[PDB]
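> Structure: structure.pdb, PDB, C-alpha atoms.
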```pdb
ATOM      1  CA  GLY H   1     -13.231  -6.163  12.698  1.00  0.00           C
ATOM      2  CA  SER H   2     -14.991  -7.515   9.594  1.00  0.00           C
ATOM      3  CA  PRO H   3     -13.782  -8.201   5.948  1.00  0.00           C
ATOM      4  CA  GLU H   4     -15.061  -6.382   2.767  1.00  0.00           C
ATOM      5  CA  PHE H   5     -16.277  -9.464   0.746  1.00  0.00           C
ATOM      6  CA  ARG H   6     -15.937  -7.536  -2.569  1.00  0.00           C
ATOM      7  CA  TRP H   7     -18.606  -8.481  -5.099  1.00  0.00           C
ATOM      8  CA  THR H   8     -20.809  -6.553  -7.733  1.00  0.00           C
ATOM      9  CA  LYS H   9     -22.737  -4.100  -5.355  1.00  0.00           C
ATOM     10  CA  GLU H  10     -19.587  -2.669  -3.570  1.00  0.00           C
ATOM     11  CA  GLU H  11     -19.136  -0.687  -6.889  1.00  0.00           C
ATOM     12  CA  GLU H  12     -22.367   1.341  -6.060  1.00  0.00           C
ATOM     13  CA  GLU H  13     -20.490   2.934  -3.051  1.00  0.00           C
ATOM     14  CA  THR H  14     -17.371   3.814  -5.229  1.00  0.00           C
ATOM     15  CA  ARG H  15     -19.476   5.120  -8.273  1.00  0.00           C
ATOM     16  CA  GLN H  16     -19.143   9.039  -8.303  1.00  0.00           C
ATOM     17  CA  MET H  17     -15.746   8.783  -6.479  1.00  0.00           C
ATOM     18  CA  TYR H  18     -13.730   7.644  -9.583  1.00  0.00           C
ATOM     19  CA  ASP H  19     -12.764  11.272 -10.899  1.00  0.00           C
ATOM     20  CA  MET H  20      -8.908  11.369 -10.183  1.00  0.00           C
ATOM     21  CA  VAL H  21      -8.636   7.544  -9.532  1.00  0.00           C
ATOM     22  CA  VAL H  22      -9.826   6.616 -13.152  1.00  0.00           C
ATOM     23  CA  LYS H  23      -6.216   7.545 -14.364  1.00  0.00           C
ATOM     24  CA  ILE H  24      -4.482   5.269 -11.676  1.00  0.00           C
ATOM     25  CA  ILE H  25      -7.072   2.339 -12.116  1.00  0.00           C
ATOM     26  CA  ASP H  26      -6.228   2.809 -15.877  1.00  0.00           C
ATOM     27  CA  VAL H  27      -2.329   2.687 -15.037  1.00  0.00           C
ATOM     28  CA  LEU H  28      -2.749  -0.630 -13.092  1.00  0.00           C
ATOM     29  CA  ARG H  29      -5.530  -2.449 -15.226  1.00  0.00           C
ATOM     30  CA  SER H  30      -3.621  -1.421 -18.486  1.00  0.00           C
ATOM     31  CA  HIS H  31      -0.006  -2.443 -17.550  1.00  0.00           C
ATOM     32  CA  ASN H  32      -1.689  -5.712 -16.265  1.00  0.00           C
ATOM     33  CA  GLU H  33      -2.872  -7.108 -19.709  1.00  0.00           C
ATOM     34  CA  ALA H  34       0.704  -6.867 -21.106  1.00  0.00           C
ATOM     35  CA  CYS H  35       1.971  -8.134 -17.711  1.00  0.00           C
ATOM     36  CA  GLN H  36       0.159 -11.581 -17.586  1.00  0.00           C
ATOM     37  CA  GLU H  37       1.825 -12.294 -20.983  1.00  0.00           C
ATOM     38  CA  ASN H  38       5.270 -11.695 -19.603  1.00  0.00           C
ATOM     39  CA  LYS H  39       6.486 -12.563 -16.085  1.00  0.00           C
ATOM     40  CA  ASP H  40       5.784  -9.212 -14.411  1.00  0.00           C
ATOM     41  CA  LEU H  41       6.749  -6.189 -16.694  1.00  0.00           C
ATOM     42  CA  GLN H  42       7.190  -4.043 -13.459  1.00  0.00           C
ATOM     43  CA  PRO H  43       9.442  -6.181 -10.931  1.00  0.00           C
ATOM     44  CA  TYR H  44       9.829  -3.169  -8.461  1.00  0.00           C
ATOM     45  CA  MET H  45       8.743   0.567  -8.601  1.00  0.00           C
ATOM     46  CA  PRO H  46       8.388   3.341  -5.821  1.00  0.00           C
ATOM     47  CA  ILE H  47       5.092   4.823  -4.303  1.00  0.00           C
ATOM     48  CA  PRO H  48       5.581   7.893  -6.656  1.00  0.00           C
ATOM     49  CA  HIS H  49       5.676   5.558  -9.880  1.00  0.00           C
ATOM     50  CA  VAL H  50       1.917   5.456  -9.248  1.00  0.00           C
ATOM     51  CA  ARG H  51       1.932   8.862  -7.285  1.00  0.00           C
ATOM     52  CA  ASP H  52       3.819  10.656 -10.225  1.00  0.00           C
ATOM     53  CA  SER H  53       1.540   8.745 -12.788  1.00  0.00           C
ATOM     54  CA  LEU H  54      -1.557  10.986 -12.173  1.00  0.00           C
ATOM     55  CA  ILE H  55       0.364  13.718 -14.178  1.00  0.00           C
ATOM     56  CA  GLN H  56       3.617  13.408 -16.359  1.00  0.00           C
ATOM     57  CA  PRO H  57       5.712  16.820 -16.348  1.00  0.00           C
ATOM     58  CA  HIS H  58       6.568  19.541 -13.656  1.00  0.00           C
ATOM     59  CA  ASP H  59       2.916  19.577 -12.366  1.00  0.00           C
ATOM     60  CA  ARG H  60       3.397  15.779 -11.593  1.00  0.00           C
ATOM     61  CA  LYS H  61       3.060  15.947  -7.806  1.00  0.00           C
ATOM     62  CA  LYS H  62       0.074  18.413  -7.861  1.00  0.00           C
ATOM     63  CA  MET H  63      -2.439  15.469  -7.685  1.00  0.00           C
ATOM     64  CA  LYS H  64       0.002  13.138  -5.617  1.00  0.00           C
ATOM     65  CA  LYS H  65      -1.180  15.128  -2.524  1.00  0.00           C
ATOM     66  CA  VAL H  66      -4.852  14.423  -3.697  1.00  0.00           C
ATOM     67  CA  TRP H  67      -3.811  10.687  -4.091  1.00  0.00           C
ATOM     68  CA  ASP H  68      -3.844  10.464  -0.228  1.00  0.00           C
ATOM     69  CA  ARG H  69      -7.686  10.907  -0.479  1.00  0.00           C
ATOM     70  CA  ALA H  70      -8.041   9.077  -3.960  1.00  0.00           C
ATOM     71  CA  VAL H  71      -6.800   5.745  -2.354  1.00  0.00           C
ATOM     72  CA  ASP H  72     -10.048   5.756  -0.156  1.00  0.00           C
ATOM     73  CA  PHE H  73     -11.918   5.219  -3.541  1.00  0.00           C
ATOM     74  CA  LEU H  74      -9.165   2.728  -5.024  1.00  0.00           C
ATOM     75  CA  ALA H  75      -8.859   0.517  -1.940  1.00  0.00           C
ATOM     76  CA  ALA H  76     -12.617  -0.372  -1.707  1.00  0.00           C
ATOM     77  CA  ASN H  77     -12.427  -2.062  -5.200  1.00  0.00           C
ATOM     78  CA  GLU H  78      -8.865  -2.389  -6.701  1.00  0.00           C
ATOM     79  CA  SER H  79      -5.215  -3.268  -5.900  1.00  0.00           C
ATOM     80  CA  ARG H  80      -3.810  -4.649  -9.243  1.00  0.00           C
ATOM     81  CA  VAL H  81      -0.086  -4.235  -8.078  1.00  0.00           C
ATOM     82  CA  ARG H  82       1.371  -5.722  -4.763  1.00  0.00           C
ATOM     83  CA  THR H  83       2.455  -3.636  -1.657  1.00  0.00           C
ATOM     84  CA  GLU H  84       5.684  -4.763   0.077  1.00  0.00           C
ATOM     85  CA  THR H  85       8.273  -3.353   2.622  1.00  0.00           C
ATOM     86  CA  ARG H  86      11.721  -4.166   1.096  1.00  0.00           C
ATOM     87  CA  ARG H  87      15.409  -3.496   2.042  1.00  0.00           C
ATOM     88  CA  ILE H  88      17.398  -1.394  -0.538  1.00  0.00           C
ATOM     89  CA  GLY H  89      20.983  -0.033   0.211  1.00  0.00           C
ATOM     90  CA  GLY H  90      20.550  -1.385   3.785  1.00  0.00           C
ATOM     91  CA  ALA H  91      17.237   0.534   4.366  1.00  0.00           C
ATOM     92  CA  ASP H  92      13.562  -0.726   4.518  1.00  0.00           C
ATOM     93  CA  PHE H  93      10.986   1.498   2.654  1.00  0.00           C
ATOM     94  CA  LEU H  94       7.497   0.789   1.157  1.00  0.00           C
ATOM     95  CA  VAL H  95       7.461   0.050  -2.646  1.00  0.00           C
ATOM     96  CA  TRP H  96       4.655  -1.127  -5.081  1.00  0.00           C
ATOM     97  CA  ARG H  97       5.543  -4.139  -7.468  1.00  0.00           C
ATOM     98  CA  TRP H  98       3.665  -6.159 -10.238  1.00  0.00           C
ATOM     99  CA  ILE H  99       1.023  -9.009  -9.845  1.00  0.00           C
ATOM    100  CA  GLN H 100      -0.865  -9.996 -13.066  1.00  0.00           C
ATOM    101  CA  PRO H 101      -4.124 -12.190 -12.826  1.00  0.00           C
ATOM    102  CA  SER H 102      -4.843 -15.077 -15.321  1.00  0.00           C
ATOM    103  CA  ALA H 103      -2.697 -17.127 -17.864  1.00  0.00           C
ATOM    104  CA  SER H 104       0.330 -17.468 -15.407  1.00  0.00           C
ATOM    105  CA  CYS H 105      -1.599 -18.863 -12.399  1.00  0.00           C
ATOM    106  CA  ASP H 106      -2.565 -22.374 -13.596  1.00  0.00           C
ATOM    107  CA  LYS H 107      -2.146 -25.571 -11.535  1.00  0.00           C
ATOM    108  CA  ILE H 108      -3.356 -29.217 -11.150  1.00  0.00           C
ATOM    109  CA  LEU H 109      -4.884 -30.651  -7.898  1.00  0.00           C
ATOM    110  CA  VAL H 110      -5.568 -34.325  -6.751  1.00  0.00           C
ATOM    111  CA  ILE H 111      -7.855 -35.206  -9.762  1.00  0.00           C
ATOM    112  CA  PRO H 112      -6.225 -33.923 -13.134  1.00  0.00           C
ATOM    113  CA  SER H 113      -9.421 -32.300 -14.512  1.00  0.00           C
ATOM    114  CA  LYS H 114      -8.359 -31.216 -18.010  1.00  0.00           C
ATOM    115  CA  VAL H 115      -8.112 -32.511 -21.604  1.00  0.00           C
ATOM    116  CA  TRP H 116      -4.944 -32.856 -23.848  1.00  0.00           C
ATOM    117  CA  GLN H 117      -4.418 -29.364 -25.418  1.00  0.00           C
ATOM    118  CA  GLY H 118      -5.880 -25.947 -24.593  1.00  0.00           C
ATOM    119  CA  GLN H 119      -3.769 -25.016 -21.527  1.00  0.00           C
ATOM    120  CA  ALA H 120      -0.065 -26.210 -21.428  1.00  0.00           C
ATOM    121  CA  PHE H 121       1.766 -29.626 -21.433  1.00  0.00           C
ATOM    122  CA  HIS H 122       2.251 -32.420 -18.814  1.00  0.00           C
ATOM    123  CA  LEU H 123       5.461 -34.482 -18.098  1.00  0.00           C
ATOM    124  CA  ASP H 124       7.123 -33.387 -21.410  1.00  0.00           C
ATOM    125  CA  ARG H 125       8.289 -29.707 -21.795  1.00  0.00           C
ATOM    126  CA  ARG H 126       8.894 -28.597 -18.138  1.00  0.00           C
ATOM    127  CA  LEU H 127       8.593 -24.799 -18.558  1.00  0.00           C
ATOM    128  CA  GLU H 128       5.894 -22.329 -17.364  1.00  0.00           C
ATOM    129  CA  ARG H 129       2.571 -21.304 -19.055  1.00  0.00           C
ATOM    130  CA  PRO H 130       3.588 -17.839 -20.634  1.00  0.00           C
ATOM    131  CA  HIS H 131       6.493 -17.964 -23.195  1.00  0.00           C
ATOM    132  CA  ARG H 132       8.880 -15.642 -25.226  1.00  0.00           C
ATOM    133  CA  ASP H 133       6.115 -13.432 -26.850  1.00  0.00           C
TER     134      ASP H 133
END
```
For this file, produce the structure as structure tokens.

Amino acid sequence: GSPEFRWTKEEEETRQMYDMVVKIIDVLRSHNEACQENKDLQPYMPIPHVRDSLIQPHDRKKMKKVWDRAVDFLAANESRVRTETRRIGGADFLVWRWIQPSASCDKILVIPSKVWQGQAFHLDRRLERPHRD
């Protein structure tokens, strides 16, 4: 019945909580830096891409059940992938997919408040901001 705001102090609540989540906040913040370069390096993945990611082999799921609680810590400060309900094979399930902040998200408003070179181009060379490596 109220929003979160999410500024610098909201971290003081989450600090001590980070134990198992530090691996998954590492998975999302890490894949992100390579992702803003490219379009989205992850276009669609399941809930287990991130829920298997806490551990790699046969013991993979053993902290995916803990993840149910770990999300209480994540969700007060970070969501560096997008949540969507999507239809696959005629059936609608919940999947997690990539959103990358900075470098891609650039635009011009009513007053073109920029100088010649630094950012992109204008009129000539009608592409997007990130390019082929």
> Given the file above and the PyMOL selection byres ((chain H and resi 102) around 12), which residues are selected, and can you give them as a VMD selection string?
chain H and resid 32 to 39 99 to 101 103 to 107 119 129 to 130
> Which value, in Å to one decimal, gives the distance between CA of residue 78 in chain H and CA of residue 25 in chain H?
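Between these atoms lies a distance of 7.4 Å.
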> For this structure, which residues satisfy the selection - the PyMOL selection byres ((chain H and resi 63-69) around 8) - when it is evaluated on the file as given? I want them as a VMD selection string.
chain H and resid 20 to 21 48 51 to 52 54 to 55 60 to 62 70 to 73
> In terms of the shortest atom-to-atom distance over all atoms listed in the file, which of H:82, H:30, H:23, H:13 is closest to residue 56 in chain H?
H:23
> Record the distance separating CA of residue 43 in chain H and CA of residue 98 in chain H, expressed in Å with one decimal.
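So the two atoms, CA of residue 43 in chain H and CA of residue 98 in chain H, lie 5.8 Å apart.
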> List the residues selected by the PyMOL selection byres ((chain H and resi 84) around 9) in the file shown, writing them as a list in words.
residues 82, 83, 85, 86, 93, 94, 95, 96 and 97 of chain H
> Write the residues you've just listed into a file as a short mmCIF file (atom, residue, chain, number, x, y, z; two decimals), in the coordinates of the input, and include C-alpha atoms for each of them.

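Below you can see selection24.cif, which holds the result:
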```
data_model
loop_
_atom_site.label_atom_id
_atom_site.label_comp_id
_atom_site.auth_asym_id
_atom_site.auth_seq_id
_atom_site.Cartn_x
_atom_site.Cartn_y
_atom_site.Cartn_z
CA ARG H 82 1.37 -5.72 -4.76
CA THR H 83 2.46 -3.64 -1.66
CA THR H 85 8.27 -3.35 2.62
CA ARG H 86 11.72 -4.17 1.10
CA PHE H 93 10.99 1.50 2.65
CA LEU H 94 7.50 0.79 1.16
CA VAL H 95 7.46 0.05 -2.65
CA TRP H 96 4.66 -1.13 -5.08
CA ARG H 97 5.54 -4.14 -7.47
#
```
> Using Å and a single decimal, report how far CA of residue 31 in chain H sits from CA of residue 57 in chain H.
20.1 Å
> For range 32-42 of chain H, what centre and edge lengths in Å (one decimal) does the axis-aligned box get once 6 Å is added on each side of all its listed atoms, as JSON?

```
{"center_x": 2.2, "center_y": -8.3, "center_z": -17.3, "size_x": 22.1, "size_y": 20.5, "size_z": 19.6}
```
> Go through H:126, H:121, H:108, H:74 one by one, measure the shortest atom-to-atom distance of each to residue 22 in chain H using all atoms listed in the file, and give the residue with the smallest value.
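Between H:126, H:121, H:108, H:74, the residue approaching residue 22 in chain H most closely is H:74.
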> Please determine, counting all atoms listed in the file, which residue among H:42, H:76, H:26, H:47 has the shortest atom-to-atom distance to residue 14 in chain H.
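For residue 14 in chain H, the nearest of the given residues is H:76.
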